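Given as structure tokens, the chain that follows is alone and in the form deposited in one PDB entry.
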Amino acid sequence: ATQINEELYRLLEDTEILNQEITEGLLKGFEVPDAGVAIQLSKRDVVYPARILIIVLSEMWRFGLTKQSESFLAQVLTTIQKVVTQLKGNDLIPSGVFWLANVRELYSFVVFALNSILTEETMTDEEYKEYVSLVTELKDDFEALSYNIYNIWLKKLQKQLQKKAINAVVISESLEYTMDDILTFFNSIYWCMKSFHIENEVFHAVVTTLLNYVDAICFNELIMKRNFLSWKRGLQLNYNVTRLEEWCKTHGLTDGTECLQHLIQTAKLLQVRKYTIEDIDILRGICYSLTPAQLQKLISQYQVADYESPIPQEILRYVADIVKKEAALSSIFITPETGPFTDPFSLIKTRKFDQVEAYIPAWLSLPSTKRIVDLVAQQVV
């Protein structure tokens, strides 16, 4: 163990090689596995980079190479953030989820280390105060990374939806994108998180955030449409929105209906009858998530068909004066939730750290890192 520990020390201390292997080879030559079923990934295949970084970090601390560890981890933090900010296209969903899972594994370890240092009795009491202050300042930074890469990734997903969602929900006519394309997008998110063993609460967060986004942006599209909002349309809007409601209930979400109420109640407004005062009274009850201002505009921009007579003046006049008297007892658009976002990982308990076996994919080429991982393994008999 003398010569093993010496070779190991020499690898760990010389961080300008080791950083360049990790930065390029592992954090940029990162091959994210496929995000589909019939190819069960284990946890180690999803969190392989994090677990390498832990083996290396555990050893740097064992040997007391603490200034090497902060140069090492400062390069990691920068590189994981750069990778996620540069994501685009087909890989946005799977790459995003891959890194969220790996940062979570890292963060969970640092938390486990910090709690162990404070509780276990291990060396002087000034080197200890600085070791605690090093590991807590580290925890704070990996907390900040989790938060950043989630908000970057989630803002990127909202921008992919915005291109598809307006045309698919508001324009598309399933009796230029379709509702099939929106469902395929949500299927992609569902299967990634399933295949990558993401905690079920993070899925709920992501889909809730995006359904409220679709709700807001499509409602704000609808309410400006001029010769458009007919009875025909409301039926078609109801059918489109129901596809998402029904998807949510077959993929484990019970909040899906709460998230789509501005769309649902707009569809109801266009299908219910509006030619007496009592009809406006129970309409106001049906459309509980709509303000009087929003009702006024949707009603006055309602496209009657041929045959169908227009909304009487009595009615248009009555709605006009419900708005005037609420202002009294003192924007029609819904402001969409673009950010910032609570990190759903922060709300849930960090992953427990039993000693995990030292694995490195055979397709990688990191000779210094491989040898570090090998020499740790050797001392496990």
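Sequential numbering from 1, following the sequence displayed.
There is also a form solved in complex with a partner chain; it is not shown, and the following applies to it.
Among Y177, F112, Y239, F228, which has at least one heavy atom within 4.5 Å of the partner chain in the entry with it bound?
Looking at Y177, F112, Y239, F228 one by one, just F112 meets the 4.5 Å heavy-atom criterion.
Among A305, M123, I277, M224, which has any heavy atom within 4.5 Å of the partner chain in the entry with it bound?
It is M123.
Mind checking whether each of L11, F30 and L364 has a heavy atom within 4.5 Å of the partner chain in the entry with it bound?
No: none of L11, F30 and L364 comes within 4.5 Å of the partner chain in the entry with it bound.
Would you point out which of 35 to 43, 56 to 64, 318 to 326, 22 to 30 contains residues with a non-hydrogen atom within 4.5 Å of the partner chain in the entry with it bound?
Contact-bearing stretch, as computed: 56 to 64.
Please tell me whether any heavy atom belonging to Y131 falls inside 4.5 Å of a heavy atom of the partner chain, as the geometry stands in the entry with it bound.
Contact with the partner chain, yes.
Counting only non-hydrogen atoms and a 4.5 angstroms cut-off, does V356 reach the partner chain in the entry with it bound?
Yes.
Might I117 be said to contact the partner chain in the entry with it bound, defining contact as any heavy atom within 4.5 Å?
Heavy-atom contact with the partner chain at 4.5 Å: present for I117.
When the contact criterion is heavy atoms within 4.5 Å, does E127 count as touching the partner chain in the entry with it bound?
Answer yes; at least one heavy atom of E127 falls within 4.5 Å of the partner chain in the entry with it bound.
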